[PDB]
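Here's the structure we're looking at; comments come further down.
Since every read-out is calculated from the coordinates, none of them should be taken as a lab result. Reconstructed Cβ throughout: ideal geometry from the backbone, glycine too, with neighbour counts over all protein chains shown.
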Amino acid sequence: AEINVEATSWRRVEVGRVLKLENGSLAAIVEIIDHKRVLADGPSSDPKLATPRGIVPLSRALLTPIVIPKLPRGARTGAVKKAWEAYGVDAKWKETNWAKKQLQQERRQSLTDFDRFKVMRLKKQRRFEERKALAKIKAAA
Amino acid sequence: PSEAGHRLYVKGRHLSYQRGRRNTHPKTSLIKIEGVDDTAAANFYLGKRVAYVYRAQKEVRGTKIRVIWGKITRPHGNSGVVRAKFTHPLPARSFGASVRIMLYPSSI
Amino acid sequence: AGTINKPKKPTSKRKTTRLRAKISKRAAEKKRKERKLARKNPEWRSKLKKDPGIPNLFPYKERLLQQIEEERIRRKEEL
Amino acid sequence: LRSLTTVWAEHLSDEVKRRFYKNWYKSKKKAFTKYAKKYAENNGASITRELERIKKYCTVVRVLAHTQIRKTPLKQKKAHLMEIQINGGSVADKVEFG
Amino acid sequence: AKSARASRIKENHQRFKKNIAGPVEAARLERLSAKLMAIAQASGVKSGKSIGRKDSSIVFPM
Amino acid sequence: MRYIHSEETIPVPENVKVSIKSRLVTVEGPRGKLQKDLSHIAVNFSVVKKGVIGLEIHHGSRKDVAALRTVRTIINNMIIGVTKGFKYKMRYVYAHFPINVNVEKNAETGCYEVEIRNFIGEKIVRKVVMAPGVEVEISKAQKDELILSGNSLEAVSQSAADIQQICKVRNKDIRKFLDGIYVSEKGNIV
Amino acid sequence: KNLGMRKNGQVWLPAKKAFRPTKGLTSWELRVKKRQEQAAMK
Amino acid sequence: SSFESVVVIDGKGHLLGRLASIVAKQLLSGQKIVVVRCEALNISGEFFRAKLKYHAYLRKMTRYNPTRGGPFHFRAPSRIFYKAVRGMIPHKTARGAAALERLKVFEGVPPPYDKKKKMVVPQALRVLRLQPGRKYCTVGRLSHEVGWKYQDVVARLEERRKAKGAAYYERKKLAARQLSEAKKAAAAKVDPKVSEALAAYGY
Amino acid sequence: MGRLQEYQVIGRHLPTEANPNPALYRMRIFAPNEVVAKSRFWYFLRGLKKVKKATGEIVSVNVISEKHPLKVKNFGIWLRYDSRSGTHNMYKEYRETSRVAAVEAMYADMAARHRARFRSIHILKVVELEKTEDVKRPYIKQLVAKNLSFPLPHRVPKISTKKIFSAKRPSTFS
RNA sequence: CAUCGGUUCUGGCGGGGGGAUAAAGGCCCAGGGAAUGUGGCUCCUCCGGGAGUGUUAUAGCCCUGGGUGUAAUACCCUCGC
RNA sequence: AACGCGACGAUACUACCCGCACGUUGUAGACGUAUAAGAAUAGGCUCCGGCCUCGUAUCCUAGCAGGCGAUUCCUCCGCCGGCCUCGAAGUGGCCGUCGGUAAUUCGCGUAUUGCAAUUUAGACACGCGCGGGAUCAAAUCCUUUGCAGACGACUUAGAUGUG
């Protein structure tokens, strides 16, 4: 009896799940109120990733791969902070590809006119190198 | 040679006049600026001057191209459409015609 | 029925002004008439309505009856 | 259905050339004269490519056929021309048949 | 009476077409086709094998 | 009320293969292969245990929870079909005119055809075409009996229903005229 | 194998269970207790 | 918000009234819209409701003369979408006629729209708008059942177009692989100061 | 109905020669503001103790803030509502973080399910269920279950309504 | 275009006051308690995890009182730039 | 469909085609008016390593509205020719010639439009010119016909003939 099943594997909202909010901050689920609202707390020392303890609607949030292991249900801010610092949620969030995309977005939004001119020139030089490499590759096969 | 553009203005469209359901007011027009989608973005373009550029038949003083001049007055609604007041009311045939919003008078 | 392949004449939801005015007039006349009938009603009415009470599924109904009993005994002692 | 192209024969009779005129007696009768040179130029390459176009793109093939009105007692000399469908076979068979 | 558009009459006619009239019409078509066979048989660009281009619009004009 | 999570369970026999991709269930056994598309029902399939398939619905209503029972029984029916098969024994009876039943296999379709003649003396020949995968034989153990067998229960039962509904008595008293073909026994081939 | 006879003759149907979508929310012992306070309160 | 020369929209998986409202607003604002694959549009509700509405439409006709003034019932799916759009535009004015002149609707994807980018409208997409479990139908199926004649022709032309698109996608995948290899090989020959400069700028 | 707050409203009858020290009556009122709170207070007083606003006065109005707004709680609300048949008891349960949130949820719930307005609803008691064993409704019982974890299938992605056209078909998996 | 006056729309910033001198909450102090029972212990197994015991252990939570504390912040009112 | 469309034949002129030479010519309105997988949405994509909220992306993007001369590079673009290819309302691929071309760096010029005044700049269609290449047609009235007919309209015939 061998069975092959190909279906959808969603991330599950649960205690310890780290949510990314619309303002870019992070929180962790402490208690699930219902299927549309949770109680979430972000104790991160980074002001960009911090979130005060409170009700988060699940519509206004996204699910990160990070899950805090064995976070107790109903744990207050001190225990959530201890678990967050012990698990190292900030480093893993920085490692994720969502934070890299958000960092790239901030870097592109913070450019000035001189910076955009320098981006255009350096991209043209790198494009010259890539064009030579692509011509060499297409010449071979 | 260089193959860049030469645009220093922002594209807009003349949607309509200021109106109710039935009565319209040609003295004020509604302009949809490209890339402006809320009141916060519309607040940047307040006081900016705007040109309706069109073509005529007769060549007068070296050109067949006429301009109507105006300025952006206030935001309209919630979706970034602005109200504009011109020297003369825009032609009613130009509903949907393009207008040029220039970056002057600049506050930057 | 053969409604899908051969529908009949549609029933119009567009009201007419004459019928709207007539319906409003008849509604007002009925409301005045039922006021008159309630005024001249000989049907008996109790002075105090029957209170439905406390629902059984309320988790603290027994405790609430305990404060009811305690308050009535306290009122009897005070009086 | 849309007509993609048609191919005519090298020689057409006077009674079928009459169909393309209202004043045939005053005419110079120039009809299909430049077309008949396509059979001689480049060994009929244009005729061949039109036949190949009908072979590879089309689904319905009809011949053009006209009557020999001169064998009838009618005083009319202008013949009747119609499209007759070829049914059966593949499209290549229809083209080779026509 | 059963109409011309009746399903049973259509099925009767289909059986008639498949079993009775069909072979007769096929043999007739074969004979006529054979007679008309008797009458009928009685570079790529520069040769026309490569089908090149012959010697209101769907788009907006641009 | 919206139920957070509901689940159903299907055991699989050891010789049976089940493949589920995009809610298209393929069940293979000793007798062959069956396939059904179930993409009109919102369901999540999983392998909760070795030889056990789990079906779950998240945040569904009572109707959506109840649909999983139909899905469970359908997949179990395909499993039973590829393992033991399905067999319908039908009987044809008459009073005066014997019913002549001919069974043949059409080569170019691959399907069986059942021709019924002399039904209450009628001159017409009734022809019923079986579903692909249904095999029909005339029983030799018992009298005036057809045996329909296959993997697809729906195909076998619909073929038997067609055989009943083609021999219908019209404009006669059914308390007196009892001729017809009837399904007499339903079961498994094995 | 099946020992009983199903009424509609579909012998391949499995032994179905009761449709109880709210199953498992409340334990039996708690329900017995709540029956006791319910009877006392009534 | 962006102004375009012409916007080509794939009609597959779109809801009729919502797409029609968005298209009519864009046409009156001054944008040229082309809609393709109108046979693959969706209507919410189960199919017999749409069929009954079309038959109720087919009931209406000028009694004294059906050749003038009456509802001319167009059975093609593109013309059904066109009727939906025309109902949301002041078509009896010069402005409305000019706005309708900026719209083209087709069944299937004719050339040269087969080699152009086809956008979608998320505010009208059926998978994003309809609740799961709700029924929907297809305008092409409705058209075929009410008398459109070219369902099979459009299907054959669509499968030829998709075969040519499969060949094009194979070449596109080869080109993307070669471009990734070219970038990886040229990363060695690019000046490193340029490399961290572009990385710090975000490129 | 609205952003509500709970008010302690204490009132009394006007002191007279016969009664120099009239009794004080306290109610907890859910109201958008203090004017509405005092209006509801005098309405209930006229309905119960025959004390009118003309011969009465308001001793105190205070706001009863939630003690723990960051703790998830289960609330049982016993209410009576008026329909054309008459007045009916109902008991309902709401899983919220404050009493005012539970009351606005109750008002929205009654408007959605029974078309009852603010004027036809009498909130007789709002209590906190101290134990999980006190929960009676299955739609709260399934939420207070052990190890509650669930996915979110078919999530429509958020795209701004000002972006009319998209170049890619959206996904509903995250 | 600059500097003004009248009317008006809109954005930001710095203070003051009130309430349970907000209620929370963080970190400490002293008590009490329970389970959707953590660790530990016992028994089952598909060895994946279940069932039982009970009060912090190798997670925590709830309630009461006290300190930081005239804490912060929300809401309302208000003085200006 | 008399304001829907297709194929073909012959097309006299001021008609047709090619080149450039411009419009007090017009158009519901150029200003980078750049970008083809298909399919599913309780699943997909891939280079097979992994990846998927997100087009806030990709390409292109500097120089008198963009000159002249180098240093330097073999990159990009365009017109033609060949071979193929593309019929849903037909056009792209490769190869070759020719021409242009900052990926790096530099030298001479920009002024005076005077503190802003559309940046007159694109495409299609039309017209007038030359300089060339190609071709010498029909319809209607009229007479006649009766397969037709109120009148028009229609079927015919009228050039040497089976008139």
Filter the stretch A:75-110 down to residues that are surrounded by 13 or more Cβ atoms within 10 Å (Cβ to Cβ) and away from RNA strand J (no atom under 16 Å from the Cβ), then give me how many there are.
11
Hits in the stretch A:89-118 - residues which are in a helix (DSSP H, G or I) and more than 26 Å from the chain's Cα centre (by Cα):
A:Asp113, A:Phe114, A:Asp115, A:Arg116, A:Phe117, A:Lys118
Within the stretch I:123-135, identify whether any single residue is within 14 Å of chain A (Cβ to nearest Cβ) and away from RNA strand J (no atom under 16 Å from the Cβ), and answer yes or no.
no
Scan the stretch F:24-68 residue by residue and report those that are touching a strand residue (DSSP E or B) at 6+ places or on another chain (Cβ under 7 Å) and of a type in the set (D, E, K, R).
F:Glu28, F:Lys33, F:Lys36, F:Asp37, F:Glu56, F:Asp64
Looking at B:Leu103 and the list (1) more than 10 Å from the chain's Cα centre (by Cα); (2) under 28 Å from H:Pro90 (Cα atoms); (3) of a type in the set (A, V, I, L, M, F, W, C), which single condition is not satisfied?
(2)
Taking the options B:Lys48, B:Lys85, name whichever one is surrounded by 16 or more Cβ atoms within 10 Å (Cβ to Cβ) and charged (D, E, K, R).
B:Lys48
Just checking, does the stretch D:72-91 include any residue being assigned to a helix (DSSP H, G or I), touching a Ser or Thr at 6+ places or on another chain (Cβ under 9 Å) and within 12 Å of RNA strand K (Cβ to nearest atom)?
no
Outside any loop (DSSP other than H, G, I, E, B) and crowded, with 17+ Cβ neighbours inside 10 Å: is that true of F:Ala131 in this structure?
no
Determine whether I:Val144 is within 16 Å of RNA strand K (Cβ to nearest atom), in a loop (DSSP other than H, G, I, E, B), in contact with a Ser or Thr (Cβ under 7 Å, 6 or more places away or on another chain) and under 28 Å from A:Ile32 (Cα atoms).
no
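Evaluate the stretch H:134-150: report whether one residue or more is acidic (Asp, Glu), under 23 Å from E:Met62 (Cα atoms) and in a helix (DSSP H, G or I).
The answer is no, given that none of the residues of the stretch H:134-150 is acidic (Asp, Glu), under 23 Å from E:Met62 (Cα atoms) and in a helix (DSSP H, G or I).
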Could you give me the residue pairs with C-beta distances under 6 Å whose first residue belongs to the stretch I:138-150 and is β-branched (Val, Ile, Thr), whose second residue is away from RNA strand K (no atom under 16 Å from the Cβ) wherever it lies, and which are 6+ apart or on separate chains?
I:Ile140/I:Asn74; I:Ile140/I:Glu93; I:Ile140/I:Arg95; I:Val144/I:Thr132; I:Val144/I:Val135
Mind telling me which of the residues D:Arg53, D:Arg49, D:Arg62 ends up being within 14 Å of chain E (Cβ to nearest Cβ), of a type outside the set (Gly, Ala, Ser) and in contact with a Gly (Cβ under 9 Å, 6 or more places away or on another chain)?
D:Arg49
Of the conditions (1) touching a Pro at 6+ places or on another chain (Cβ under 7 Å); (2) over 30 Å from H:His55 (Cα atoms); (3) not acidic (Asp, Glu), H:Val139 fails just one. Which one is it?
(2)
I'd like to know if the stretch F:62-70 contains one or more residues that are out of contact with any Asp or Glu (no Cβ under 9 Å at 6 or more places or on another chain), within 13 Å of chain A (Cβ to nearest Cβ) and more than 9 Å from RNA strand K (Cβ to nearest atom).
no
Among the listed residues I:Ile58, I:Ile64, identify the single one that is more than 14 Å from chain A (Cβ to nearest Cβ), surrounded by fewer than 16 Cβ atoms within 10 Å (Cβ to Cβ) and touching a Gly at 6+ places or on another chain (Cβ under 6 Å).
I:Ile58
Name, by its number, the condition in (1) more than 10 Å from RNA strand K (Cβ to nearest atom); (2) within 30 Å of H:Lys149 (Cα to Cα); (3) loosely packed, with under 15 Cβ neighbours inside 10 Å that does not hold for D:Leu51.
(3)
Being out of contact with any strand residue (DSSP E or B) (no Cβ under 6 Å at 6 or more places or on another chain), in a helix (DSSP H, G or I) and of a type in the set (A, V, I, L, M) is the filter here; which residues of the stretch I:17-70 pass it?
I:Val35, I:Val36, I:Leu45, I:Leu48
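Listed here are the residues, each with its yes/no results for (1) of a type in the set (A, V, I, L, M); (2) surrounded by 15 or more Cβ atoms within 10 Å (Cβ to Cβ); (3) in contact with a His (Cβ under 9 Å, 6 or more places away or on another chain).
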{"site": "A:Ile3", "(1), (2), (3)": "yes, yes, no"}
{"site": "A:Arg11", "(1), (2), (3)": "no, yes, no"}
{"site": "A:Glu14", "(1), (2), (3)": "no, yes, no"}
{"site": "A:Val30", "(1), (2), (3)": "yes, yes, no"}
{"site": "A:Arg37", "(1), (2), (3)": "no, yes, no"}
{"site": "A:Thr51", "(1), (2), (3)": "no, yes, no"}
{"site": "A:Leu58", "(1), (2), (3)": "yes, yes, yes"}
{"site": "A:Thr64", "(1), (2), (3)": "no, yes, no"}
{"site": "A:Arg73", "(1), (2), (3)": "no, yes, no"}
Given the criteria farther than 24 Å from I:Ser120 by Cα, away from RNA strand K (no atom under 16 Å from the Cβ) and under 22 Å from the mean Cα position of the chain (by Cα), does I:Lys92 qualify?
no
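Go over the candidates F:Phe119, F:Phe97, F:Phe45 one by one and state the one that is surrounded by 18 or more Cβ atoms within 10 Å (Cβ to Cβ) and in a loop (DSSP other than H, G, I, E, B).
On inspection, the qualifying residue turns out to be F:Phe119.
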Those residues of the stretch E:40-54 that are within 7 Å of chain D (Cβ to nearest Cβ), part of a helix (DSSP H, G or I) and under 28 Å from the mean Cα position of the chain (by Cα) come to a total of 1
A careful count of residues in the stretch F:140-190 that are under 13 Å from F:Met130 (Cα atoms) and small (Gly, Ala, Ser) gives 8
I need the strands (runs of 3 or more DSSP E) fully contained in the stretch B:7-108, keeping only those with at least 1 residues that are within 11 Å of another protein chain (Cβ to nearest Cβ).
B:9-19, B:24-33, B:81-86, B:98-102
Looking at the stretch A:4-31, which of its residues are out of contact with any helix residue (DSSP H, G or I) (no Cβ under 9 Å at 6 or more places or on another chain) and assigned to a strand (DSSP E or B)?
A:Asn4, A:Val5, A:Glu6, A:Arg12, A:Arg17, A:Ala27, A:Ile29, A:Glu31
Of the residues in the stretch D:2-42, those that are in a loop (DSSP other than H, G, I, E, B) and on the phi < 0 side of the Ramachandran plot number 27
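Yes/no per residue for (1) more than 10 Å from RNA strand K (Cβ to nearest atom); (2) surrounded by 11 or more Cβ atoms within 10 Å (Cβ to Cβ); (3) within 15 Å of D:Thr6 (Cβ to Cβ):
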position	(1), (2), (3)
D:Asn23	no, no, no
D:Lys30	no, no, no
D:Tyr35	no, yes, yes
D:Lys55	yes, yes, yes
D:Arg62	yes, yes, yes
Please go through the stretch H:111-133 and give me each residue that is within 6 Å of RNA strand K (Cβ to nearest atom) and surrounded by 15 or more Cβ atoms within 10 Å (Cβ to Cβ), ordered by number.
H:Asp114, H:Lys118, H:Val127
So which residues in the stretch I:136-174 are buried (at least 16 other Cβ atoms within 10 Å of the Cβ), farther than 28 Å from H:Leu128 by Cβ and away from chain A (no Cβ under 12 Å), if there are any at all?
I:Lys136, I:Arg137, I:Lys141
